[PDB]
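>>> Sequence, then the experimental structure. Questions to follow.
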Amino acid sequence: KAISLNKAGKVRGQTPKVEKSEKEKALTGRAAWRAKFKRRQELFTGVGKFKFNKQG
RNA sequence: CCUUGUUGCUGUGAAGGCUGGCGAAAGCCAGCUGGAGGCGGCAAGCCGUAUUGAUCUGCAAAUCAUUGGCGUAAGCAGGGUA
RNA sequence: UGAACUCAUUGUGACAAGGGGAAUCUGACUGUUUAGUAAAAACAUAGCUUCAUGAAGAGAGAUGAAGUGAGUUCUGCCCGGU
RNA sequence: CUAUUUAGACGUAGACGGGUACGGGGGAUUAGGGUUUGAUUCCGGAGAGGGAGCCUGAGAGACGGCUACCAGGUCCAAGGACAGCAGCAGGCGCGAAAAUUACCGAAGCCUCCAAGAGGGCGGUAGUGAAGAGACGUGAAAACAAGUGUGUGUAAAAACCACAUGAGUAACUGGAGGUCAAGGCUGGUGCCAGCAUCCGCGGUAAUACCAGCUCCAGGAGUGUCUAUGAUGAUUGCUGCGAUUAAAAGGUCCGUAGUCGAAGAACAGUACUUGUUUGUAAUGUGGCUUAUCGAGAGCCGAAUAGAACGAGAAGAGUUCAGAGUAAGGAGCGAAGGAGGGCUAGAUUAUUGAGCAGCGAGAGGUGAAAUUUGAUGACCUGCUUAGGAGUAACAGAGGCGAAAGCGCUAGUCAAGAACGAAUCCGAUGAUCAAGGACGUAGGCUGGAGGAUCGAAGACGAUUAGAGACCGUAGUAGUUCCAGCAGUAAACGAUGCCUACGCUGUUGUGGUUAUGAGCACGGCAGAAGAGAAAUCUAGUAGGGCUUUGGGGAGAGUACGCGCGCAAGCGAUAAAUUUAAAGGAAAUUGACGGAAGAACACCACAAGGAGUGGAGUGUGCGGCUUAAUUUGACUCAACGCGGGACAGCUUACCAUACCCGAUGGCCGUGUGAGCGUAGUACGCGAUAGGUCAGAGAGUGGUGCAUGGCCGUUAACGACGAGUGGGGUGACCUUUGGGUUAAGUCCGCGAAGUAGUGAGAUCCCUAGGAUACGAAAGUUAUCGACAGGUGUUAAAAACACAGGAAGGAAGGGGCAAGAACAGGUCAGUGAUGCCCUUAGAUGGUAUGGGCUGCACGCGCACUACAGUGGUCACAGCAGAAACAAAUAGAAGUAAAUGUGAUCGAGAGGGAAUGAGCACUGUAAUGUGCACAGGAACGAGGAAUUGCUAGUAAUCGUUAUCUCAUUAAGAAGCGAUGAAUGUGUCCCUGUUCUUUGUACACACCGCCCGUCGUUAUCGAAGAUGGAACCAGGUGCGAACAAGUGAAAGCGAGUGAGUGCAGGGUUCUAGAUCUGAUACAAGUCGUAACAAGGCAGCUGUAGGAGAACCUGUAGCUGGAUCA
């Protein structure tokens, strides 16, 4: 029974190209760690609930 | 059908037997002894495959040479008888 | 059965004396046949199967008639015609 | 190595052959016990393209020495010459795979005749994210990498010191679960892709493709491939074998592994001391480079060996010792244990003869078939070959397979009783040996019954099968071969420790009990449960399993006359497996209780047959619009259609939210006796996008209905049992109803029923003066009779008597039940000015060869006709001279008619009514069809019921009832039961179904792919041997010429041993979305299934014979 290869690549053609927006140089090493440690202060409490990423 | 004549040399090695080993048994393995067979190679013989040889006014109204098949046997043969 | 020495082509010295292997068709084997153009795959053979008979100087492990062809393995279906 | 003598040497504790390998010190992982690796700094071995010979030397069978062959090369003037990077750089190939044709009088060492010469050995840098350390990528005031001097070195660079500039510096994999972190926004619509595994995507994708935010590790992070761990899935420590994979059919037996008490003895294992035995690595430490890997120094150490010591266990010996270890023997007794000899009561067939005179046989029902040549049945005679009924059992015997009549005879064994004898003789078992139901095979004997194959008769779409008739090999015996079973208690053999009650068999007994071999019922433990040959446990020895498939198959080998059997692989494929047991449903062609005139039995009236009225299918037509199909479609869709209804056909006529773009008072359109007159923007073409439809899909839905069912079921706490899915427990009586009464590891409250309305029947003491109306009352099985309780009848009184009668309301769960043509209830698809939207005039829905469902008049006399009366539920009625809607009718009295004067179907010329229109209805006169009580079947109904008779101021309705829904008149007949039919509920029952029987599933045939066997004829390579021939070198002998043992490379010719590969054709397996033919298995799966063996067959499979329950029976 018939088979064909006519459709290879389809979705990569049809998805509209969007440009990457600019951003700062991010931290690295201990610098990144001081930044994370201040954000997560709630979580280091044994009560209440932190949430890393929410879209509401 | 009755009465007779005619088996020399060699190979292979069945049945039966004796020793030695192995095995709990049953019975297995060696070496020797024995000498069966419409069994092998030949002789005397009996036959007739090839050369499509010789001969074809023949040696001969069926022969000759070399080459072949069987040869311890449903083998070959004289006389008497049907 | 060994060993040594010896020879100018080497030694079953003349005579006598197997060529061998791989496959296929066919008949089991030894045996027989067209005297005088055919020796064969043809005939025979052991074994297998069928048939008829209580008659005998013979008495069913008998006496005659046919077909197939040792051994192994198989031998299906049809009694309308003759 | 050679001469003569002796036959040895080595093997199941694995010889010999083949395959594979540099060996250790050490490395990786690791709680422990282990599993894997070692070309690779140290030690020892071998080699220099492949083989072989050799001179020199203290030392080489040397290759940066020589000589010859074989395979390859280089230069030439063609005559000859040279050469070997598994040294250091470097090049080409091969591969998925690995650096510079660099500097060196310095460090560590080696070489010479040396106050010096040589060394790619060694050192120094360059190159590369194989590995391992320490740190940058900012701080809150103030941060690498640069540069210059000095150092450093053999010379350098880097490193470090001081001094100058300054302000540079993160990516890889992810975000549904395992597994840390987004239902974010846009594309795509089972596509494209993602995903180790599970799984995502069919237009609402937290999983694809991207954007944006988060997470993890970070100068690093992902992937592929080997291995160690995960893993008690290789089990010494430490798994399993009743049913999941797994105990050999039973014995004997060698090698092997394992083996009393008592008294003594000896030191080789065993354990331990002292001394040896380890550079690096590793282990326990300390000291110096800024720190940390690194470097330097210290201490102890494995296996292996030398010499002493201790004697528990192991070992050796002894007999004034004699196992709930074995063998020999004695006494009395028991048993379908085995071989042989001689007898037996019946039965089934066959023949003979006699009696009798028509059928016998076989089945669910029948046909083949046999009988007047006398069957069948009943007598008497006989001839054979099998078998041992009932007694006969959770009884006995045997190693298992197996063994059942009675006597006699011949060997051996088990158990029991007891002061017999010998003394370790024993347990288990590769190899080897003996037995083994049935079916089968080789030869003989025989042949009653039964019966594979083969042949018929039936049944079926087809039966080749199941059933019946018949019939052969076999089924029996003797002498052998064979070697398998669901050969199963699916539970190896010895030996232990272990609770109670009961019942057997054989001996013995202080009569209390024991010993051997059993059955049964609990308990406690155990186990995933079911259950227990399964409890406790490092006792000994053998067999044996490691996810499904392919496969107990291929090749080789051993046995067999054959049939075959024993033993046993790879390639390939796949996420689970009809894997195990237990829980809830659905299903069955099961079993057991119940119940009911919408079930039946015993009783009433009909339907099915005629004509007509009406609905359904079929056909016709321009159109005859359409839903619904077992109960639970068919006078049903409130479906009595002239128009309307109306969805269909013919002709004709009529009709548009908004927004953008394009035009307009010089007129964008409209009215008309329509073209010249009247009115004017209002309402104008095209793209988007809205808002009709009796158009489609009820398998996209809501609501409402119908049906299960008008049935007894049905949720909550707390409590008991089970690991849990789950059950609340023994099913005995009653009602319409788990409605109730008993009893319980259960007990307490609720829904449903019931109770709770409304109508109909009786009732003033209330109200009225009109004469009726309404009523909180009245009935409870209360009374009597029936001797547990719960109910019950039968009487009696009573207006009403066992749910007073009749309605009405009415659990949970269900169904792919009906309706989109009821709905401004509704998703999605379709049409939409030449409409699938409205309207009008007509035509159809009403056509007519024909099959069906439900009604109406009938078939007369228990009638027809004439007159006259007279009565309902209650109360409604211009007039009418033949006649043209209305206040009962059956019925009561008198006449009449007399067995087609019953009956009114098709049809004629008329006379009126309703209506917009007759085609519809009424009236008068004719006319006068079938039908003379209905085949197979089939439907309700228990009392003011059924049937009869009218009537509707009820519904449809201008006019049309032969339809429903009421209402009254006249008024019966039969049981008082049952589970047989027909159904419906509950409890036990089986399962490979859960998507739930419309389920699931087997095998041929045909088409594709992929991997493997065989096969006439064949190819490589690569090893060792056997024969030829023989280059180089050569001891010896010779003045010399020569001659030449021996060591041998290469190469002839035959063979073998290994590994690959070709091959016409045949034959397996696996995957085939769904192709063709059947339906073999799973329910009693429609003939219960399965194992062995033998025939047969399109194919699953079918048939004989023995076996098993994993069966549909613990009886």
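Now that the structure is in, tell me what you want to look at. Residues are numbered from 1 along each chain as shown, chains lettered A, B, ... in the order given.

>>> Do the longest helix anywhere in chain A and RNA strand D come into contact?
In chain A, taking DSSP state H as the definition, the longest helix is helix A:30-39. Yes: residues of helix A:30-39 contacting RNA strand D under Cβ under 7 Å from any atom of the strand: A:30-32, A:34, A:36, A:39. (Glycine included, C-beta is placed from N, CA and C.)

>>> ok, residue A:32 - how many residues close by?
Neighbour count for residue A:32, taken as other Cβ atoms under 10 Å: 11.

>>> Look up how far RNA strand D lies from the closest residue to it other than its chain neighbours.
Distances taken as Cβ to Cβ, 6 or more residues apart in numbering place residue A:26 nearest to residue A:32, at 7.3 Å, with adjacent residues excluded. Distance of residue A:26 to RNA strand D, given as Cβ to the nearest atom of the strand, to the nearest Å: 6 Å.

>>> circling back: gap between the longest helix of chain A and the chain center?
With Cα atoms, centre = their mean, to the nearest Å as the basis, helix A:30-39 stands 18 Å off its chain's centre.

>>> What are the contacting residues of it?
Contact with helix A:30-39 is made by A:26-27, as judged by Cβ atoms under 8 Å, 6 or more residues apart in numbering.
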